[PDB]
4 protein chains.
Amino acid sequence: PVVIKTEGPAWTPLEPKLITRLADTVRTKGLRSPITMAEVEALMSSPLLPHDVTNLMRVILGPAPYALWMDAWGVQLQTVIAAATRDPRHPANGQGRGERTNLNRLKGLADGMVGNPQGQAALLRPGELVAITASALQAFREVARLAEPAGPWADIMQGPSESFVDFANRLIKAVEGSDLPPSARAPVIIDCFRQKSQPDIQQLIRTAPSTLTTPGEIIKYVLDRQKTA
Amino acid sequence: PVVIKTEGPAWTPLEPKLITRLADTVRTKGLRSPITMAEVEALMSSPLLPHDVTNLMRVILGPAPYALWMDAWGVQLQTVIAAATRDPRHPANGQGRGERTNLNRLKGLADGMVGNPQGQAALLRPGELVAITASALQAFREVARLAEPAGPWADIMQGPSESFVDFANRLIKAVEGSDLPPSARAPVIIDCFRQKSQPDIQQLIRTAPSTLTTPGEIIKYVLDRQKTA
Amino acid sequence: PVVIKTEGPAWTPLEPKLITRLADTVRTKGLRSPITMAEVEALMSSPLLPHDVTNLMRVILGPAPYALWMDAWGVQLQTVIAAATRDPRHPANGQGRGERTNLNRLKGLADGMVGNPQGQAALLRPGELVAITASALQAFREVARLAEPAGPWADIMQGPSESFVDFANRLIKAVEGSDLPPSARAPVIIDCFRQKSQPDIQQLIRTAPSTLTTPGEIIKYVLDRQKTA
Amino acid sequence: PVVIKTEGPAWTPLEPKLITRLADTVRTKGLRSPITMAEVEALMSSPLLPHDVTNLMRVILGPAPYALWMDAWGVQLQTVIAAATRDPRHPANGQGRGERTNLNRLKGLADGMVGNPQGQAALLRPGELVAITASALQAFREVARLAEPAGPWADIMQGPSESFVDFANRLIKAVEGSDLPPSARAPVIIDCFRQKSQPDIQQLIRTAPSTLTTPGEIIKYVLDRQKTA
């Protein structure tokens, strides 16, 4: 993090207490939990310098996820630089050709920046910072989606002893965290409620005097009329 | 069937040979096979009188499907009569109120028609005949879809000894003959190819150097690179 | 949360630290514990924008409870809008017909609000905010009461090894969290103390020289004269 | 099928009796038998409209072979359209640029053709029809060769109880329906007769006072001098 003061942009590091809490969050909840992504968005609020994001991912991520994240961050930054050479009005670019932003300046590899966060904060633009930050966030999302797969939705059955809300949670999780289009999730969730969800609940849904046309309505109906046991 | 000659509309019955062949087709292939529906469409080519369709369904259908079909035919004819009272320009209706078509005239129950196909062919309109015929076809479709369910798609697995084309046929049949929207069948078929289809073919599809984005392409790829055994 | 400043209503997000603590509270204590409802009331203190409440319930609730909560919130907001069209003096409404509040404006679906919390905070009324907040709280209460049933009170027995205060806690919980009228809980709790609560305590309550006419008095008496073991 | 009459090209459907017989032929004999290909050539005699061929393949082929056939038909039609843009003298094309034939017109997807066979027969050219028909025939051949592989020729042995004419039939089938060049089939068939075909017939062929230089001559010799049993 940088503070743009009168003397110039002064760099302030992130608290190691927040970083330790975020690292333990990633350690217990995993990379893909919505609470973890919310915490990352929180610590991704102010535009960070390449040094900050690099050290942050070095600390919170293990070695192999860190390698994957470096790869993904490079790819996303390259897409950004292609869009930048496709539009001279990038908030990282300038009007003349002398302000064109090279990947050495984005990854912090340019002259006067390697290993020095103060000089980094000096030469970098705010548009550069926000582009780097958005790129790093998208790369984190990619790596998180890659490190742990969503479980195959079509293999999910309600166990003989499992409750129905746990089964519904697991199924909705695996269906929404999958490769289906957004407009195909609700019908699939409904038809999986009807064919999975062991034959007692199957018959309970089948003999519904009303027509249930939404996963929430099916869940409410089943929770009302379920066999207390 | 009727022939509209100079003396007047003369009724000609359908051949009992064609009816016997159609009955045996329904007996061996079932009610829902595409060949059976094609044969029914064939014998549903000329506009039939209520007597013809009623006797045809009496002969080709069993007792319980015949009861179901009578119910469905009545419901569809009632929808037709509601649309007819909602539009005085029905090809079964006339311009004045004296030509309004009652359900007794559609079901063949009106005066001068009960049990007599000749009088039926005399008083009926061609628009009446085509409306009755379309109603009977839709009712047959409903009863055929009702008598035998499509198998639940989410419970289909490729057996240890089953070939892949049989599994693909069964899966595509159960997915297309189900309650899914038309725009959700291809993604579901693909994701069921990937998660069902026992782990040898699962790994064969997983390690595809190209991206397969269509059930036909997946089928072609698997048929090319399958383990001959 | 919004701050109504001189430039205009500026939106401030809730702390992810408080949200993480509340999510872990819901994870360990459940949805129905009085501590959880107190914490929700705490984080429901300032009038929240639809964006805030929606994201809050997305984070703290699982997928299936979140679907149930969306349903219940919609129903409660519809009741609010019916009361609003039944009274033109709603703090969300205005005096003329041009200020009537549609459900698109309450759920945050209206024009200039979809996905943008700043514009949301701009166009929304404080009465709108408090109505949305009360609706969301009532919906949370409904879903919490629905997700986990109170245990059937008439099936509660004091175990052979269970202490009496645990049995009394369980019984009072199940009786007060049930479908009985408020004026029928004390007599039922007393008569369940007398007939459940294995025969040693049954005889201890039976041979009470004084008449015990309150669950608290029965609990005090039994705790005084109980067989220390 | 279309009849080009004085009023204009009138469409006549194929008989459902012939289609049912062809479907049962495909069901019993398979896709690759020479009798099946002859029957398809028979029903592929008059130039068919895209509607006719599409419905024909929908009826005679299962779901997965139908998907494969749609793919192959599209590819072959694309090759045809490439040849058409490579030669302005295509019987489907015209002399000016306004008669160039797009794939929407070949697949029946163009304007005034979607779902309507009468309009289809109206706007289509006879060269268009014959090109579509030849493309569909080649696609059927590809899919038939793909759905069922020829058995590996180099793994064919004459069983201990199998007769010699059955072994010769199986071997010639697998060798001619394989990936060998046409000029390499006879020597391979001969050398497989000599090394397979269990040692009694091996010695019978070895001790041939004449030199046998053709599979037919070897078959005749073995049938003459075989051990009757």
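Residue numbering in chain B adheres to Swiss-Prot, whereby the residues present occupy positions 240-468 in order.
Per the header: electron microscopy, 3.1 Å.
A Cβ is built for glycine as well, from the same backbone N, Cα and C atoms used for every other residue.
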In Swiss-Prot, which of B:272-280, B:290-298, B:443-451 is tagged region 'Involved in capsid protein dimerization'?
B:290-298
Between B:315-326, B:351-362, B:399-410, which stretch does Swiss-Prot give the note region 'Involved in capsid protein dimerization'?
B:351-362
Fewest other C-beta atoms within 10 angstroms of its own C-beta: which of the recorded sites B:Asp418, B:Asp430 fits that?
B:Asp418
Helix, strand and coil counts within the region 'Involved in capsid protein dimerization' (B:290-298) (DSSP):
9 helix, 0 strand, 0 coil
Using C-alpha atoms only, work out the spacing between B:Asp430 (site 'Involved in capsid protein dimerization upon acidification') and B:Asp418 (site 'Involved in capsid protein dimerization upon acidification') and round it to an integer in Å.
17
Residue counts in helix (H, G, I), strand (E, B) and coil for the region 'Involved in capsid protein dimerization' (B:351-362), per DSSP?
7 helix, 0 strand, 5 coil
